[PDB]
Structures are given as structure tokens and as C-alpha cells.
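Residue numbers (the authors' numbering), protein chains in the order written: chain A, 11 to 166; chain B, 1 to 37; chain C, 1 to 1033; chain D, 101 to 250; chain E, 51 to 100; chain F, 301 to 350; chain G, 851 to 900. Cβ coordinates follow ideal geometry from the N, Cα and C atoms, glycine included.
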Amino acid sequence: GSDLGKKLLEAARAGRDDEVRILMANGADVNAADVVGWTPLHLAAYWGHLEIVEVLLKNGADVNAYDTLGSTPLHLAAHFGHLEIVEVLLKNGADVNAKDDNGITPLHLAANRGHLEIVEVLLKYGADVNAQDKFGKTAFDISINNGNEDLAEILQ
Amino acid sequence: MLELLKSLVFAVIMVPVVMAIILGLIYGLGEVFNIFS
Amino acid sequence: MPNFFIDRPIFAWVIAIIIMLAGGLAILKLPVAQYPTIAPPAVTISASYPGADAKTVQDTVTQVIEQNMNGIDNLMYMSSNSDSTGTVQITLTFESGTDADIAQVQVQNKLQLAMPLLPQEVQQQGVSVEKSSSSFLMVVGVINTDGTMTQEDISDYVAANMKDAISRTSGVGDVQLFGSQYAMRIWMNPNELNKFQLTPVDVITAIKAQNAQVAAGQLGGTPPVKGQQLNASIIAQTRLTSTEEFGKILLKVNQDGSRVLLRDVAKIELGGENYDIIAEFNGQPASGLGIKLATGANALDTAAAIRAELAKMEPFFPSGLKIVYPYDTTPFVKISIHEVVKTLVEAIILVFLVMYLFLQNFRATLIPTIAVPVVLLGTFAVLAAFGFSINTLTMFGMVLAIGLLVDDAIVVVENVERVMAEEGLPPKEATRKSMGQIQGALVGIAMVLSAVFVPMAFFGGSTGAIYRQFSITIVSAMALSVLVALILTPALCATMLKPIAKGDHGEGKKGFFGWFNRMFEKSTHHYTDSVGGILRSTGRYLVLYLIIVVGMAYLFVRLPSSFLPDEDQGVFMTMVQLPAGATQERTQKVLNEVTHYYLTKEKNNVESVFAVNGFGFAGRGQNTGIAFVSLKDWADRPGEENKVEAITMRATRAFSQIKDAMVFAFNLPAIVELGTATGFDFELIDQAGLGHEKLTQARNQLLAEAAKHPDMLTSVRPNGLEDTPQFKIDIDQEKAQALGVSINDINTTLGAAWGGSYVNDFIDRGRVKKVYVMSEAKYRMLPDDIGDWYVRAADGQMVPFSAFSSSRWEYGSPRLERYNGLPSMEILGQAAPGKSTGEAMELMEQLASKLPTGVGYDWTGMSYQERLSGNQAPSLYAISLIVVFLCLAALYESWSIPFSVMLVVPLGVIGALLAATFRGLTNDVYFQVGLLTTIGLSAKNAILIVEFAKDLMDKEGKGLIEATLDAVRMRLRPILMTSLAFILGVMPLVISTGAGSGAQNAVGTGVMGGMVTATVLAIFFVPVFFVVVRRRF
Amino acid sequence: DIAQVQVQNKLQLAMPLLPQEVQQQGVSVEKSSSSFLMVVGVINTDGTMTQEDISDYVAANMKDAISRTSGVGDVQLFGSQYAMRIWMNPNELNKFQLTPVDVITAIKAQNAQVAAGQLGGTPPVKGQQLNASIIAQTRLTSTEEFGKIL
Amino acid sequence: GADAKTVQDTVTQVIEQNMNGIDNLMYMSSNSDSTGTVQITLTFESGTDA
Amino acid sequence: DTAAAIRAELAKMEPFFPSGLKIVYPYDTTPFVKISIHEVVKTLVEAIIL
Amino acid sequence: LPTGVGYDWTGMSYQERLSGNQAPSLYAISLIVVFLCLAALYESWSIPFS
């Protein structure tokens, strides 16, 4: 893409906030995409950068974006143990019940990794537990396979 | 032939030159130390 | 001893002839090389798990091997690098002086006891063990310049027609190949496989079945029947030998009756077995032969023989094949060594000229020009005996020893001529007298020079080897010099020297010489008067001496250290590193851009650009590339702007204007088995449990904390690679079983399609080549091409990958690295201009001390050496000083007189330091050896002055001042002769611009400065020290 | 050294003939003496660790480093490294019509490290602007991941 | 179970290439039989450590 | 020398030990070989003095 | 013989050949030293020729 978009992608994946603010001042494409369809939000959520997620959602960052397979920043902040980033993306208009190109939801991931606070704050804002993957397994079957009992209890 | 001659001439030139330089340094330093004594 | 030879000149001539013959035989029977074995021996275990990810190999191969790398002798450290291309490189570095052969076999056996623990794919591809220290001598190129024949055809022609010959050549050890020979590539199409309800597993099985070999037996074999008259070996079906044979392979028979073949559902080609690496010589497809030199061989003759053998084979080459010879560094060796030899001859000539200017007689100048060659040939013989070679270090040591060789002969001859002119004696008794004066001083001089030059041969590491070369060659030269001066030189001074009456010292002989005599006499009188006036009050000068010492100390502390100077070897390197998720088309675009820059802007200083796409010095991938730039001969690059420093600077400034790339240009360093040798290499390790992410976090934290001290650390960078995207596939087994699909078939399909699979071997034109099976590129390019791949279920019903794949994106590392069996991340850095590496290293230790728990640090490369060789110099030089003091106390029979000789050191050290600070040099190795040389020569002069003074005060009963004055008067002439001859023999090395300018200058600058300063100051200060010491004691 | 070399050269000539169950464990050829130079010991003063945990720490973080220090010929660990111990039960196996053979095939299948190639591999097409290494399956790392097995 | 030429091409000519780069070597011979058995014999100079 | 290397390496891996893990030496033939030579040297010195 | 068909010696023959090529020098060297060493024991360049 453009020079400033690439530099902002680099900054976000490295985790430099001052450079991010600067590139934002010069009018950088906050929706700049990588070659795999990722964005600064995807990166700051993967690597757990919080201040950058705020700085981005304040300068007009698309929160319900999607890559070449349908993984929004929620799918990433969900199964990496990121609570603040999930709260932020949710308080800014994130589809808490989106889907990938394979029929996967943030609840599936938070259940696979055994996270609970993420599952809690997702259920709070309308996380449909009864959504079916492309194979026919909802978060309940995932919890039962993982052998996690408190998660299954929260899910029932 | 060419190299040997060229180096020999370079020597024939720079030998007394450096000898004069060294003897003049000795002269100057001896004068200095005569003044400092 | 000398009186045994003054009466027996022929025995001395015989010894000299013996030495000359030995040295000649050696010269004819010696290796030749740029540098000796200086880097510690290393061995690389190299492996390849094709179509794998760094984590896969790191888990399946590297951990295993590292675990079984136990019970090896003289192991110094171990590193490992695992790439996403499937390759693995484990590098074991052993102590110095370790006999790399036994270590190589040790590691090869400990590995052979681990092959059964690796998967069949690594065992099939083959694990190799190589010697990594020894770098390449030359690289041979092969291009087409004709109807385009892919680089694979060139690599095959090389491996089949230009490798056996190049390896049979003399001096050629290992011969490595860049490309790979042919291989049967089988590109399958999933659509034509779904047509006939097939899979890649069926193809693999069919090939394994119909390309194998079968043992049959014999026709009439033992135990035979009674009456049998015929025995004949049986041959069953064998391996196949073409693509057509591979086409007529029965995969199936359709219900209707038709038979399926491979020609239908699989394209078959003769192609390379690996395309990850690409080579271009000036935008032309090329292949390459890497050539290594064998222990105890001559590089020059080896390269000449290689060029001859390659000229032989031009007739037998297809139209459109020419060798072009990139990366040939033997010319630099030739030029450097020829220049050193030129220097030796010029010194031999300047000795003649100086002795003629000072003595005015041909028969006396004939003497030194007979002795120095003898000593040089004897040194060559000693090198041959001790198993050494003719290289830069040895020959520069010889150059620096020329000064002492000249000094000895000049002293002998001049003293003899002085005696003959003063006392009117004949040559024989004059020589007896001179030798009686000189022999003890010469022996003490030899032992002092030994004490000075030997202890440097006990340093530890890679610098120890350099110091060893210098020390051994110089000590051999000095010992032979003293032997000659005590054996042959008197025998010649007693026969050649023609008598001259007394009172005829030079007064008269109108002309330039009759003028130089009187000028030198005037200068001698003036210097004697100045010394006499100095000796009236000495305290005025014991303070100027402390001033000089303090200046020496200040200059020493303000002199930046170093290892060796960068030279212009005729070649340099360019490095290309794109961003994370790049391809090789983009890298080849960038490399063609670099090639155009070099062949257009620097068209006047460049001959070639060998661009290799896929290999960077740190990493292997489409993201990386290098370019060997080979320059025209120095005779065609007149100027400083046309050197490698300037070309590099220009190219770097220009390539700073390239987008989405980090393109640099650097100069091929000094010894290449080593590296940059900044004395700074660092490794962070997770000594307890932590994974890759916390370790990367700690690395970045350390880089941040290091960017806050730009006054001690600069260019702090990691050598590794940063994480990149990975395409994850979360296969599900519930659905795969509900559909009756063998997960093993799933994985085999995935791999063989996208990664490749070594199936079997075949025979082409009398050679065994492999048979790979892969997909046609069109169907591997994107994730959406995965659903295009179907598996065969148990019920005979195809199934798409889309039914169980559940793919995603992730971020993971394409290059993992470990240090001593533990995960690690490397870090490269430098000391801030104005400080030492010890301060930087201590700072980095203090920083690492503030890292999370489970993170430790360790040093590698020169840093490791710099943690051993840092505490040796002072101890060994103290040993030297004490031994010198003892030798001098013995020579003079006094514990105090030696001090008069041990204070003339700064008088040369300060000159060397001034010259180095002016020319802008560093405290490298050559400078140190030159320092020791100047010290030795100044010590010769002081020793002889003091010996003459003492012998006069004892024998002739003279006084202190009269004896001192007479001694300085008698000694001025030879001091000047030696200093002038040596300064003149060194001048070229100082004013040199071209091949070897760096080392030549680092030598000559210091040597000349020390010579001037000592020659000028000792003749004034040594009398002062002698008087003061003889008074206070 | 030469003795070890000849012995290994002769043993390599036999290893093909031994059972894989032996090649996998690992044949070793050492120059060791027959007497214990020293015996390092490791203990826990807090009483929370057992012999197994201490031995695993010793074997993972202390042994491979000491088996390389320029003079050690052999090391005998007075314990044993960790491993996934799978304690089968024949009653619960017959209840489901299974056998250890199935428990072994399932593990050899679902606990694997698969070579899956990469996107944009070589030789690629013209215009490919992407390259990424595929990941299909990895060696498991916990008892939960081993229980998940089907 | 391999013809002589088969061995000469798969084993002998494959191993006879590296050996050319050994130290203090004098000559080398090689034989490839019909029973598959193959032999290579390297002779080094006199005074060499075997 | 080997025992010195071993003890150095162990000192190089102790800081990363968890809480409680301590190293002990219930078998070491090194201290005897040190103190014996030390005693012989003490004897030599005493003999010089006598 | 035809062209492209060369010949060589191995085994005993090899050594034998070497011997024949080593002697001419062996005689020279072994003579030179005697001329020189003699000149040493008896300081003269003539009686060694005698």
C-alpha cells in the first residue's frame, strides 16, 4: 500500500506508540491492510498492545474489519488472554458474534484456550453460546472435550 | 631491469635526503640541549 | 667462537652454503596462503527436512542432535540454527589446536548414533558433517550466453563434467556445488487426479514399486548339481532412465478397461531438486563451483592448475558456456607477497648503498649483502621444519626482522673498519679485536630479543596464532643473525677487507664522498659537544624524560585498538533483506536493480555481480539475497575514490533510496573464517522454561535499554529474523473418521503436494539422481487453492480438505536459534567511538542483570576470545621485562646498569604512537610487532653504547665522562646506518596505495616513527642514564 | 580416540541388525572409566518436590550441559526424565472393544509434527506477492491435549 | 542383486569423487563385482599414519 | 580440571534454580588430592627451615 | 596403442619407478656434502676435488 500505511503496520507490530501518534498526525490510512489482510488493530490485539488500540479507535479505526479468512481483532484478542483489548473493542462496536470463513466465533476460541473472564465479558454483551461451527460443535462440546468443568457450568 | 634501475635511482636520491634530514634533526636537538644547559 | 672462524673461513662458507641450500629446498617445498589456520576449528552438522517449519525441525532434529552431542573432547561451544526452509545447521566450535579431523569424526559418530531417532525423511535426504572454518579459495562460474538453458541444466553439466576434474586437481580439497544435479520432478494436478479418483499416495506407491531394484540370484549357483556347466548371473527389472519410461507406469485400470498412466495426470520434467536458491551472473543464469584448498598446498599453483584444467575443457563444452571466475582472491595474495619480496630486495640494496656512502669501499658492502640472504633462507628452512607457510604474517615478520639482520652485520663491519682505520691494524687482528668487543653484547642482544618476542607466542585464541607466526619467524631470523655474525661475517671481514694505512679516515678524496666525510665529522663533533654539555647537569633531562613518558601514556590510552585492517581484496559484498512476507521475484527485482547500478554507475571499477537470491548471511529465504561484486585489477582502479571504502559508501548512500528493503554494502573483511571481529557478540538464553515470546520480549527490552546509552553502545541489532505470518490448519479428526479418511493420507497429501517428497532414485547417463513428487505451482499459491485438493476415503468416495481443514492465520518465527542446547536470540553491537569493548560488554552484562527471571546471557565469537586474551599481555610483558633485566645484569655484571638500557623504550614508543596518531591508525597487531621491533633495535644501540663505555672504564682505566663520549662517538655511525637503511626499506610500506596498503602502512608508520625518534633521542639520553646510574650506585 | 573410532566403525556395521526398539533408545559408546569421579546431588529444602520432579529438572537443565564439559566421559542420572506415562486399563479397554495397538496408533497419528510445505513455494508463479509456511499439526505438550485424543 | 555397472554407477563413482581431496595420498583403485560387493583401495605415501 | 569445570558450570546454572533446589556433594575425591599435595608441600617447607 | 588409452604403474612397479628417479639426485647430494664437509675438516677447496 502507501508508505505511511506500511510504516504504521510496522509500528503497531513492533509496539511504538509515539511513532503511531505521529504517523496518525500525518494522516495515515488507519485501515491499511497487510498482504494477509491484517490491520494495525489485528496486530495490536495479537501482541496485546492496549494504548495503541485506544489511539486507533480514537482516530477512526475500523473495528469489525476482517482478513482473507474472516478473523477480526476479537478472534485474536479472545484466545490470547487479552481482557482490556476485548473490553475496548466491545465498547466501540465489535460484532461479538461474527464468523470466519470456517464458521468460528470468539466464544469457540476462548473456550478452546480455557479462558473464563473473556467468556464472561463476551456473554455479557450477547455472546451466542449456541452457535455451530462448520462441523456442528458449539462452545459446550468444545468445553466438554477440553475437560473443563467450570467453563461448561458457566455455559449452562 | 626497469624495476631494479628505478628502485636503485629512488634510493640514490632519497638516501642522502633522509641522511640530511636526520643529521639536521640531530643538529637542532643538540642546539636545543646546548641552550638548555 | 669467532676466532675459530677468522682462522677457518671455509668452514664458515660451508655452513653458509648449507643454510642457503636448506632455505632453497624449503622455498621450493613450502605452502603459500593468505593466512594460516587462525579461527578455532568448527564443524557444521547440516540437515534438511523438506517442506517443514522451523519449529518442526527444531523439535524433531535439532533438540535430538544437541541432546546426543555428548562426550566430545575440547568442545568450546555449540550453536544451532533452524530455518523454515527445512534446513538445520548445528555448529560446534572446539578449542584452538584440536586436530579438526578427530573432532569431525567424533561428532559424525555421535550423530550416527542418533540417526535412528530422526524421521525417515531426514535420513533419506542425508545429514552431512563439514568443516566450516576453511572458507573458499575461488569460485568458478558457468553461464549460458546462448539459447537459454535453465541454471539447473548448468548445475547438472557442472556436477557431471566439471567436478571430478576439478577435484582430481592438485591442492584441491573439498569442492562444493551451488546448484543441484537433475531430478525427476513430477508435478501433479488435483483436477486430473479427481477425474480418475486418485491421490498422491497412489502416485508415490506406484513409483516406489516401478522404479525399485530386485535381487534375483544366479543361474546354476551353489550348491550346484552334478554335471552343471553354466553359471550366469540373473538381472531382473532395474531402475528407469528417462521421462518416457516414467510415463509408461500403470496407476490404474478403469472399469471400462482403459489403463491410466502418469503421462496423463502428472507433468514429468528433468529439473532441480531445490529452487529455493537462484544465481545470476550479470543478469545471466549461472551455476557455481566452490573450491577449498587442502592442508599443505600452494594457493597460487592450485589456482593456476584449476585455470589450466578449465581451459582444457572449453573444446568439449556446448555452444554457449564460458567460465568467468567470480570471487578469485588469489591475485591479492600474489600481489601482497610479491610486494613484500620486493621490499626485502630493496632493503638488501639499500644496505649496499648505505655502506658504500659511509665506508667508501666495495669489499665491505659485499659483506652484508651476503649475510642477510643466508639468514632469510635459514628462516625459510626453520619455517619448513616447524610446519609453517609463506603468508602475510610470516613475511611481514621477515620484513620487520630485516632491521635487526642489517643492524648486526653493519655493527660488525663498521667496528672492524673503525679499528683498521684508527689503529692501522690489518683485517685479521682488527676483526679479533672487534669480535672481542662485540660478541658478548651480541649474545645478550639475542637473548633480550628472545625475551621480547617469545612471550607473545603464548597468547590464547585466534590472536595467539598471529603472534605465534610473527614471534617464531622473527626469533628464527634473529638467532640465525647472531650465529652468522659470530661465524661468517668475521670470516669475511678478515678476508675481503683490504688494508688501509693509519691516519687515512677520509680526509681528502675530493668529491661527494670527501664532502660527506667532513660533514659527518662536523656533525659528530657537534653531537659530542652537545652530549658533553648535557652531562654537566642531568636533572634538566630526567624531567623531560618523564614528560615524554607521560605523553607516551596519554597517546597509548587515546589510541583506538583494533584487530586487523580492512583491505581491498578486489571483491566486496552487498546484502539485500526485504520485509517479512516477501517472495523471490521481488528480491530478484531488487538484485537486478543493484546489478544495474553496479554495471552502469561503477562501470569503470567493476567486472561482475554474482547475485544469489535465497541466501543471506543471516537467514535463508526468498526474503534475502547477496551479491558478490568483483572489481577490476588495481592497475585499472587508480585513485582512492576507486577503492572499496569509497565504492561501498557510494553504493550504500545510493541504495538508501530503495523502498521496502534494507540494502547494504560491506567490504570483504580480513580473515574470513572469522567475521567482522568487533569483539561484540551477545546471546540471550532462556535458561529455565520460557518460550519464544517472553524471550523476544526480553530481547526487545534489552534493545530499548541499550538505545539509552548511545555513548557506549551503537548499532545494537539482532542478527536473527522477526516473526512472520503462518497458515495454520486445525484439522479435525471426528469428521475425518465419520467420513472414513486416514489422517496419515491427509498429511501425506498435504505434504507431497505443497512441500515435496523424496520418493526413490533413478539412473540417468550413469549417475544416480532422485525422484521428487510435487504440485504444479498454480495450485499451491494461495489458501483458496487448498479446497482444490481431495483425499480418497475408505468407501472410495473423494473428500475435500474444506470438510475438516478449519484454517487460520498466525505469527511464528522462520528462523529459530539455540546456544548450547537452549533457545537463544543473538545480538550484534559495537562500542561507541571513543571507548573499549570491555566497557560495552560490562554495560551489557549490567543490563542483562535487569532482565526477567529465566533469562541469561553468554558471549560468542571474538567476544569469547576477548574474555580470555584480555588478561595475558601485562603478565607476559612483565615476564619479558624481568628476563631482559636479568640477561642485562648478566651481560654487564651489575644489577643497576641494565636500567640505562631499560629506559630507551618510550623514546621509540612515543615516535610510533605519534606516527600512528598522525596517519590515523589503530593499535592493531602489526603496530604492536613494529613497536617490539623498534624497542629491540633501540636496545641493541643502548646495549652497545653501554658495553663500549664499561669496557673503556675497566680495561683502559678511563673515566666515566671520557668513556661515555668516546663510546657515543664510536657508535654514532652504525646507529645512523641501521636507522637509515631500515627507514628506507620501510618507506614504500608507508607511502603505499593499492594491494595491501592497510597492513603495509600499519607496519611502516610505526616502524619509521620509532626509528626516527629512537635514533635521534637515544644518542642523547642513554649517556645521561648511564652517568646517573653509575653515580647513584 | 582411535579406539572409540574403530569401535564405532564396527558397531555401525551391526546397528542395522539390532531391533528398532533398541536403536530408538540409543546406543552409546563411551571412553568412561569405571569409577565415579564425583556425585552431584540435588535436593529441595521446602519439601514440596518429589524425586521425579527433581530428577526431571536435573536431566533437562543440568545434565546435557555437564555431559559436554571437556573431560566427562559418562553421566549416570540417579532418577529419570519426565515422560507421558499412559496407564492403560484392560477392563475399560474391553468395555470399548479396544487394544493397546489402537492406543498406540492413535498417538502415533494425533501426536505428530507434520511437514506441510508453504504458500508461494518454489518454483512459484509470476505475480505471487505472498509466502507463508503452512502448519498442520504439532507435537502435543500437555496431559489435557493427550486426553483430547480420539 | 545388482550388475557390476549398476554398482559402478551407484556406489563406486559416487564415493571415488570425495577421496580425491585427501592428504598424503598416492593412488587409488576400485573394483565392482556382480554380487554387488564393491571395494575401494586407497594407498597413501610412506610415512603416513594409517 | 574436570571437577573445576563441572563446579563452574553448576555455578553458571544455579541462579536460575527454583526455590529450594540446592546442590550438594556427597562424593568428591578432589579435596583429598588437593590437601595431600598441600601437606607434602608444607613438609618441604618445614624441611627447608630445618 | 589407440589414442585415449593411457598406462600407469602401481604396486611394486610404482616404487621401482620412484627408485630409478630418486637415485640421480641421491648421488649428487651425497657427493656435495662430502666435498663440503671435507673442505671443513681440511680448510681447502682443492684436496676435496682431489
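Give me the chain C residues within the contact set of residue i, using Cβ-Cβ distance strictly less than 8 Å, ordered along the chain.
i: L886/G; result: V14, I17, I18
i: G51/E; result: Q213, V214, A215, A216, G217, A236
Assuming contact is defined by CB atoms lying nearer than 9 Å, are residue i and residue j in contact in what I supplied?
i: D730/C; j: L828/C; result: no
i: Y819/C; j: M76/C; result: no
i: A20/B; j: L984/C; result: no
i: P224/D; j: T583/C; result: yes
i: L60/A; j: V106/A; result: no
i: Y545/C; j: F11/C; result: no
i: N74/E; j: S167/C; result: no
i: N667/C; j: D636/C; result: no
i: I945/C; j: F1026/C; result: yes
i: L219/D; j: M774/C; result: no
i: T369/C; j: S170/C; result: no
i: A706/C; j: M862/C; result: no
What does residue i reach in chain D if we use C-beta pairs closer than 8 Å?
i: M781/C; result: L219, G220, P224, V225, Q228, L230
Name, please, each residue of chain F whose Cβ falls closer than 8 Å to the Cβ of residue i.
i: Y182/D; result: Under the 8 Å cutoff, chain F gives no residues; its nearest Cβ is about 15 Å from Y182/D.
Is residue i helix, strand or coil when you go by DSSP?
i: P823/C; result: strand
i: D745/C; result: helix
i: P725/C; result: strand
i: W859/C; result: strand
i: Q218/C; result: strand
i: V43/C; result: strand
i: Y135/A; result: coil
Which chain D residues sit within Cβ distance under 7 Å of residue i?
i: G157/A; result: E244, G247
Give the residues of chain C in contact with residue i, contact being defined as C-beta atoms less than 9 Å apart.
i: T56/E; result: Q213, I235, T238, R239, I763
Which chain B residues are close to residue i, counting only those with a beta carbon under 8 Å from its beta carbon?
i: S979/C; result: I22
For residue i, which residues in chain D fall below 9 Å Cβ to Cβ?
i: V98/A; result: The contacting residues do not exist; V98/A stays about 29 Å from chain D at best.
Cβ closer than 8 Å: which chain G residues qualify as neighbours of residue i?
i: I10/C; result: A889, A890, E893, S894, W895
Under 8 Å Cβ-Cβ, which residues of chain E neighbour residue i?
i: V448/C; result: The premise fails here: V448/C is roughly 39 Å from chain E at the closest Cβ pair, so nothing lies under 8 Å.
Against residue i, what residues of chain C qualify as contacts under a CB-to-CB distance less than 7 Å, listed in chain order?
i: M19/B; result: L980
i: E130/D; result: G71
If the cut is a Cβ gap below 8 Å, which residues of chain A does residue i touch?
i: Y811/C; result: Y56
List, in chain order, every chain B residue whose beta-carbon is nearer than 7 Å to that of residue i.
i: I349/C; result: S7, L8, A11
Exercise. Listed from N- to C-terminal order along the chain, which residues in the region 320-333 of chain F have their beta-carbon within a distance smaller than 7 Å of any beta-carbon of chain C?
Worked result: none
For this session: Enumerate, from N- to C-terminal direction, the unbroken alpha helix (DSSP H) stretches of 4 or more residues contained entirely within the region 930-1005 of chain C.
Result: Those alpha helix (DSSP H) runs which fall completely within the region 930-1005 of chain C and span 4+ residues are 960-991.
Problem set entry | Residues of the region 68-86 of chain E with Cβ closer than 8 Å to any Cβ of chain G, in chain order | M76, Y77, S79
For this session: Could I get the ranges of all uninterrupted alpha helix (DSSP H) runs contained in the region 221-250 of chain D, with 4 residues as the minimum, in chain order?
Result: Taken in chain order, the complete alpha helix (DSSP H) segments of 4 or more residues contained in the region 221-250 of chain D are 243-247.
For this session: Give, in chain order, every residue of the region 715-743 of chain C whose Cβ lies closer than 8 Å to some Cβ of chain A.
Result: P725, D732, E734, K735
Exercise. What residues in the region 24-53 of chain A bring their beta carbon closer than 9 Å to a beta carbon of chain D?
Worked result: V45, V46
Problem set entry | Members of the region 845-877 of chain C that neighbour chain F once the beta carbon cut-off is set at 7 Å | For the region 845-877 of chain C, residues whose beta-carbon sits nearer than 7 Å to a beta-carbon of chain F comprise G854, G856.
For this session: Identify each residue in the region 72-85 of chain A for which the Cβ-Cβ distance to at least one residue of chain C is less than 9 Å, and report them in chain order.
Result: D77, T78, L79, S81, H85
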